[PDB]
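# First piece of the complex, coordinates kept as in the full assembly:
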Amino acid sequence: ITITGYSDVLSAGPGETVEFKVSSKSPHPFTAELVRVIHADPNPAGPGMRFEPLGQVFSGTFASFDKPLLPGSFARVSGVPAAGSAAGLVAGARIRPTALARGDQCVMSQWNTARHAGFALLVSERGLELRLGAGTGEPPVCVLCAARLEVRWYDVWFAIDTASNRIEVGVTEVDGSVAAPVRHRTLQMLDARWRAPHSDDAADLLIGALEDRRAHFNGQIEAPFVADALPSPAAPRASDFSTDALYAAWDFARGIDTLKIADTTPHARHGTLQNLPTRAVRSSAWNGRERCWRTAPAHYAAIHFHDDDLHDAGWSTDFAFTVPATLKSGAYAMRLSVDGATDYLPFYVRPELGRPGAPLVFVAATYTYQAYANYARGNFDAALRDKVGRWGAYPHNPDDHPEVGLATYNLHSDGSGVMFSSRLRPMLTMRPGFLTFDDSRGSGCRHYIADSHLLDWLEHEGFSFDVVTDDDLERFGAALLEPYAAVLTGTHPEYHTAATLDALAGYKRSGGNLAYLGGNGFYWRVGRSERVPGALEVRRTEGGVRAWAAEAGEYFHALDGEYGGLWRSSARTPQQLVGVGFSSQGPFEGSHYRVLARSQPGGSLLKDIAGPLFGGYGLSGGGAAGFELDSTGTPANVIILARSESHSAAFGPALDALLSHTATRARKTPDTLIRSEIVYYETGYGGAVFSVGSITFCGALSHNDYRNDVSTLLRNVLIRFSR
């Protein structure tokens, strides 16, 4: 990838600054120009790419540095001496390797690369291997305990016993009650093929990787330890050592909501987790009596490492941009270019608190963006790679560039679900011009790009708006929205915190108006933490539509200790906020709405829309009702004023709305769900809620050069909300 980058934040108010971090491989410098993003959909059948250059606000040329991306999670213990005494060295841990056929995988290691001194314990399909540093002259020593390891809990260790002049490498199954438990060791004579280390042999101790970094580990590690001596007079564990003898012994249960691994010995030899491995997972002791790690961390004393974890690239800031007071709140981007290559770094200039610049405010669903960031869908076939070429779309796609990590909708290489998503990495899926699907009947655009359909329609019809992100709602609460006359959602505000829901709710209770212009909103919960800026956590618990299903008892976030999963499962349904709930789900194709209604309150919104059908067109999916649909905790006075119909047979019910495959939670037949319902109703606080319940809805606004019904409907809503 030629030039790319990312920013430390995605949103800044007046005088807040944004640090942009760029990696270009060109020898020549690059240029950066501030732009306002107007339309990001490169489909030639629609408004096409639209930017207002503001080079006069910020322009720069900058020296190009190529900076790495190194996936794979592990822990580093820095500032310690080389392990080992004249008596020898013992080290071991309790592992559960989840993907042995992926290569050498390092349980723990310490390796002074220059002096060729140190140790490393690895597992592989060939078994358990110890590597010993052998000095500047020869290659390392290697001792192999050959065993066929499964995905089970094994205790693993080695011991260099200068006394008995032997090296021992062994592995025993923890649960001995199984049919054929693994109990295997390899002994070979020591022969002064090892000596007590010297002060210059010191190196960092690593868990989950090897640094001479490679052999990133896949699976759970629990209770690793190092001893300077043999144990007191069958795997040696830390329990077996006088504390004099113990070099370090870590308890992964101490500090679950942090990035620090704690050493329990007086040496206080603590360590820092890299690339955000997954904490708050069951340890060996977990037996199902405790399902919440907050009250029972002994059952959660393990860490799950993945060799494709990626959080915080660590790239140096290439330039910063403080926001002037003269810069209107909106959706901006930094255009980077070298050598014909082009990248955009999107971000948002946020209004001041209580000082709005327009009557409307739009909420960029950055939590939903991030949750989806770099989702390798496996659909970058020759068909789409071609279509991207023809349309002049963003050239690069997460299928082809795995170095940028995964999304919470992918699985890790070991099969476990991706529970984290960093925004501190280039997110290809968030660039202007990124195509998601090979849309046979439109653009095939999602999230950031699709939400620009609404933004270009607002620009065009002359509604001025401010923009705020989800992060902004978290930080300022409902107080930030109250000044605006109406709050507008994106195409898909799927992911939310209790904080963000409260902001929207409180705004309603202040008598605002709410324009829910998407589908499938307010559905999953995310976790965030001050300790880990820039990361979202997502755990798919219980039921619902889910790319993967979380393990029993791992339903509580590690970042913020909250219960994860569907907001339903946290006593907050979509319908309680916007009167419609997630109802049906088919492919990325949209159909048309049927009008019902006009005599009822808010039938005035349908003026200038003729019966009976409308909206059978669209850029996302070819229809204004498609992909994911919201039907009718819904108030009495909910006025349905249009109902989708004529959907593909590929469409289906939302699982969480089902008791059986034959009865919904409402106890009707599931076919009642295959519909989008556009509803209006009055909060009872002096405001109203307008909700389309369809992802593709805003895809139709641009159609017929902004002269159409969908365009008409939305204009009616917004005028109504603005007097």
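Done, it's in. Numbering: from 1, shown residues only, chains lettered A, B, ... in the order given.
# ok so residue A:368 is a helix residue?
Yes: Residue A:368 sits within a helix when classified using DSSP: H, G, I helix; E, B strand; the rest coil.
# Tell me the spacing between it and residue A:490.
According to C-beta to C-beta, to the nearest Å, residue A:368 stands 7 Å off from residue A:490. (Each C-beta comes from the backbone N, C-alpha and C, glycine too.)
# which neighbours do the two share?
Common contact partners of residue A:368 and residue A:490 (C-beta atoms under 8 Å, 6 or more residues apart in numbering): residue A:447.
# Let me know how buried the closest residue to residue A:560 other than its chain neighbours is, in neighbour terms.
Closest residue to residue A:560 apart from its sequence neighbours, by C-beta to C-beta, 6 or more residues apart in numbering: residue A:527 at 4.5 Å. Look at residue A:527: counted by other C-beta atoms under 10 Å, it has 24 neighbours.
# Contact partners for residue A:527?
A:497, A:536-539, A:557-560, A:562, A:564.
# State the next helix or strand along the chain beyond the strand ranked longest in chain A.
For chain A, the longest strand by residue count, based on DSSP state E, is strand A:581-595. Following strand A:581-595 in sequence order, the next helix or strand is strand A:613-614 (DSSP states H and E).
# For that following strand, name the packing helices and strands.
Packed against strand A:613-614, as judged by 3 or more C-beta pairs under 8 Å, 6 or more residues apart in numbering; DSSP states H and E, are the following elements: strand A:581-595, helix A:709-720.
# looking at those, which is buried most?
For the helices and strands packed on strand A:613-614, the largest average neighbour count (mean count of other C-beta atoms under 10 Å) is found in strand A:581-595, namely a mean of 24.
# In its sheet, which strands sit next to that strand, and in what direction?
strand A:613-614 (antiparallel), strand A:625-631 (antiparallel), strand A:639-645 (antiparallel), strand A:652-653 (antiparallel) (DSSP bridges).
# Distance of residue A:585 relative to residue A:544?
Applying C-beta to C-beta to residue A:585 and residue A:544 gives a distance of 10 Å.
# same check, this time on residue A:684
Note on residue A:684: its distance to residue A:544, by C-beta to C-beta, is 29 Å.
# isn't residue A:553 right up against residue A:282?
Yes: with contact defined as C-beta atoms under 8 Å, residue A:553 and residue A:282 form a contacting pair (5.9 Å).
# Could I get the buried residue list for stretch A:472-479?
For stretch A:472-479, the neighbour count (16 or more other C-beta atoms under 10 Å) marks A:472-478 as buried.
# Let me fix that, I meant to ask about stretch A:545-558.
A:545-546, A:548, A:550, A:553-558.
# same question, stretch A:179-187
Result for stretch A:179-187 [16+ other C-beta under 10 Å]: buried residues A:182, A:184-186.
# How about the contacts made by residue A:659?
Applying C-beta under 8 Å, 6+ apart, the residues contacting residue A:659 are A:665, A:667.
# now swap in the one 4 residues further on and tell me
With contacts taken as C-beta under 8 Å, 6+ apart, residue A:663 has the following neighbours: A:669-670.
# again with residue A:506
Residue A:506 touches A:477-479, A:481-482, counting by C-beta under 8 Å, 6+ apart.
# Now do it against residue A:124, distance only.
Taken as C-beta to C-beta, the span from residue A:506 to residue A:124 is 55 Å.
# List the backbone torsions phi and psi for residue A:508.
phi -50, psi -50 (degrees, to the nearest 10).
# And it, how close does it get to residue A:159?
Taking C-beta to C-beta, one finds residue A:508 at 65 Å from residue A:159.
# which SS state does the residue nearest to residue A:547 when sequence neighbours are not counted fall under?
Take residue A:547 and drop its neighbours on the chain: the residue closest to it by C-beta to C-beta, 6+ apart is residue A:409, 4.3 Å away. Following three-state DSSP, residue A:409 is assigned to coil.
# can you slot in chain B too:
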Amino acid sequence: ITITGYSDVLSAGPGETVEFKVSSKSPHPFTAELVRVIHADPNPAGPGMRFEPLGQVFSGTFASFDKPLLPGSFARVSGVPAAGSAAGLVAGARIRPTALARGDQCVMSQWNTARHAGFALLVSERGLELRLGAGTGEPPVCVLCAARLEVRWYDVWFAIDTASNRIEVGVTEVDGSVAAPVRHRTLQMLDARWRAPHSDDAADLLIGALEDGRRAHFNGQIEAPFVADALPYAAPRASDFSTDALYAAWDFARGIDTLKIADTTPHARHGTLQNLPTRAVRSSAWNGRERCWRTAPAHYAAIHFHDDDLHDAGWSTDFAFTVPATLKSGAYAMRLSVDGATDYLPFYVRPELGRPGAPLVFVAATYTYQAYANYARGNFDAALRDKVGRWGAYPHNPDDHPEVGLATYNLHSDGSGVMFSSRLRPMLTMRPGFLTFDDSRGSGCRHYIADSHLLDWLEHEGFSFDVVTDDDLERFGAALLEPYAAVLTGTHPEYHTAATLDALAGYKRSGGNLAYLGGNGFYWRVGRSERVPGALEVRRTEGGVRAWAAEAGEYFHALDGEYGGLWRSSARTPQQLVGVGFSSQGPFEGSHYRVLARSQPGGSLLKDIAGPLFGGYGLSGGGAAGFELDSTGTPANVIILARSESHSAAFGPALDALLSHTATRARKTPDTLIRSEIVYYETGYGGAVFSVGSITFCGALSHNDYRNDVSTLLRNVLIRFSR
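With chain B now in place:
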């Protein structure tokens, strides 16, 4: 219903005694004769009814008493004085009424029926009503606070203020943040229409009902009830009263796994829950940070009362039966008869521990029976009522008899799911000859009745067996099963405790063989308690096929504190025990199996079964593979030996086996789930497992006078397990 009853236990060993409790609505005595049940399917197209009379082992004639059943749950506080002082009376609670349109419903009362003195606070569609006893002369006083109460938390109270000489009845909505909060009171002059009660005015204080027999059982949650002798507009709560003034103030959070409600004042005026209301449910303070009542009971300080709750009839023992050591372990019952009427009280004679009487043992799924007990299915139409007649089947069915209570597959009258199931009541669904469905192609029999197909086939073909219940597996662990050469399950061992699973697993690990002769086994968890004998708890959590869905955070059992719901959701899948798991679920109809296999291990079982398909016959459903189906955490060496096929389109996938409506947990298509797969495999402990994965399987054993392929298959499995 003429004669019926129930037994204190369902299983007794040698020298253990069984107490039978009978209610007959006849003047003449009734007669009791011990029979062993051989076949219970009254379908005249098959073996028909079969009993071995044992009048000389136990016979009797006994005095007839007509005994009541009184559903509706509430709390009783016994032996306390009339509440009230010279200063007056205050009483109140925090309620959430879930079914106001059901009548006068009493929040709390104390009423000496004779002296016509006491008080009663009730809610209805008309609002909140106070009733005051006015003496033997006049009618009661009545004061109404007219309000339209919704299903929300309201604080309710009345106050008799002799000082200011006024009566007050009011109700304020707890959540004042809603759009339109209910805040209403009624003040009415007292006019010496009340004076402090006397020593003879004493009566029991009740929560949830009124006693002047008990009536007006309450529907919904009650929290924090209290009574004061003195004064302290917002609602008075117990917090507002000096300890002198407090007559009682109960904390429902104290004692969640018990039947005791505790009073926190020094008066220690405790009370006893009757007919098993639902505890461990969210109270007003619950906010979603705590999901387990064990660590956070202040969030669970509410009790849910239902007016159709039924636990423990309380009937007196009419006769007893101690089990002779001369009595074979098996399935028995007591035949009761008067005036042309007939009832059966089933029970089980248990082998002694380690002293088996046969090589096979069969596990009667009394947990699953109990869970289904008195499931009013709403399907007793004239067609079935007629068919019940023609076949001379058990005359009465729970649709026609609400007095017998409901099942965990029913809803309460207020809409919440039935979460407890008592066995201390007549269970019409456990009577021999009881028909469940109107089977257009078979009998339509389930559980106890259907499981007797196997018992008749075992007797007929000469396999001797002992019988044990789930209680017995609970009581004796795996050590009870160990002596037998093979263990045989029923047609639907759906409901299990951790103990019963461990018994079966440990039996496997002791080198037994296991005959899983049903479908859908090992799916739901039940909760049980020594403190509340005769009761099962079932909470439907997360996903899966479920008659109803439990509330967020109410996932932990109240009886024994365990996490409830699918066993999957506690890390134990059916496939881990029997190699196949619940996969598809359709109507009560069965199709045919196709053989796959003969060379693989255990293909010897297909000897004497010709190709290519087999088993398109049966008493349950007309096919040997039907209703609920188990397909292929499964071992490597799972040898599939047959795969059902050609099921009606009415079949569908089991939800818990789904990630979306298009992808399974295996990421195959859901159409992969529509099948029963019969498998054999070797435990690796010296035993093997044979699993049919179909409820309707044993219905086919009787077909073609016990000579057919299905019957041959089972003989093979059973002889093989006996060498």
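# now with chain B: the contacts of residue A:659?
A:665, A:667, B:545-549 (C-beta atoms under 8 Å, 6 or more residues apart in numbering or on different chains).
# Residue A:67 against residue A:24, yeah?
No: applying C-beta under 8 Å, one finds residue A:67 not in contact with residue A:24, separated by 9.1 Å.
# Comparing those two, which residue is more hemmed in?
A direct count of neighbours by other C-beta atoms under 10 Å in any protein chain shown for residue A:67 and residue A:24 places residue A:24 higher, at 26 against 16.
# Contact partners for the more buried one?
A:2-4, A:30, A:64-66, A:336, A:338, A:341.
# Mind picking the two most distant members of those?
A:65 and A:341 (15.0 Å; C-beta to C-beta).
# which of these two has more neighbours?
Higher neighbour count among residue A:65 and residue A:341: residue A:341, with 16 against 13, using other C-beta under 10 Å.
# Please work out how many residues are found near the residue lying closest to the more buried one once chain neighbours are set aside.
Sequence neighbours aside, residue A:2 is the residue nearest to residue A:341 in space, at 3.5 Å (criterion: C-beta to C-beta, 6 or more residues apart in numbering or on different chains). Neighbourhood size, residue A:2 [other C-beta under 10 Å]: 20.
# Okay, residue A:2 and chain B: tell me how far apart.
Applying C-beta to the nearest C-beta, to the nearest Å, the value for residue A:2 to chain B is 35 Å.
# and what of residue A:196?
Taking C-beta to the nearest C-beta, one finds residue A:196 at 45 Å from chain B.
# residues contacting that residue?
Shown in contact with residue A:196 (C-beta under 8 Å, 6+ apart): A:84-86, A:162.
# List buried members of these by neighbour count.
Buried positions within these, assessed by neighbour count (16 or more other C-beta atoms under 10 Å in any protein chain shown), are A:84, A:162.
# so which of the contacts of residue A:659 comes closest to residue A:258?
For the contacts of residue A:659, the nearest to residue A:258 is residue B:549 (35.4 Å; C-beta to C-beta).
# so what's the residue of the stretch 1-150 of chain A found nearest chain B up against?
The minimum distance from the stretch 1-150 of chain A to chain B, using C-beta to the nearest C-beta, falls at residue A:150 (10.7 Å). Residues near residue A:150 by C-beta under 8 Å, 6+ apart: residue A:182.
# Could you rerun that using 10 Å?
A:96-97, A:100, A:173, A:178, A:182 (C-beta atoms under 10 Å, 6 or more residues apart in numbering or on different chains).
# before we move on, what about residue A:112?
With contact taken as C-beta under 10 Å, 6+ apart, residue A:112 is in contact with A:82, A:118, A:133, A:197-198, A:200-204, A:211-212.
# Check residue A:620 too.
Residues in contact with residue A:620 (C-beta under 10 Å, 6+ apart) are A:41, A:43, A:46, A:436-437, A:439, A:441-446, A:449-450, A:453, A:491, A:588-590, A:626-627, A:694-700.
# between the contacts of residue A:24, which is closest to residue B:570?
Of the contacts of residue A:24, the one sitting nearest to residue B:570 (C-beta to C-beta) turns out to be residue A:4, at 45.1 Å.
# so how far is residue A:446 from the nearest residue in space to the closest one that is not next to it in sequence?
Of all residues not flanking residue A:4 in the chain, residue A:426 sits nearest, at 4.3 Å (C-beta to C-beta, 6+ apart). Shown here: residue A:426 relative to residue A:446, a distance of 17 Å by C-beta to C-beta.
# quick one: which of those two has more around it?
Between residue A:426 and residue A:446, counted using other C-beta under 10 Å, the more crowded position is residue A:426 (28 against 24).
# tell me the contacts of the more buried one?
Going by C-beta under 10 Å, 6+ apart, the list of residues near residue A:426 reads A:1, A:3-6, A:21-23, A:69, A:313, A:315, A:343, A:345, A:373-374, A:396, A:398, A:401, A:403-405.
# mind checking how far it is from chain B?
29 Å.
# try residue A:560
From residue A:560 across to chain B, the span is 11 Å (C-beta to the nearest C-beta).
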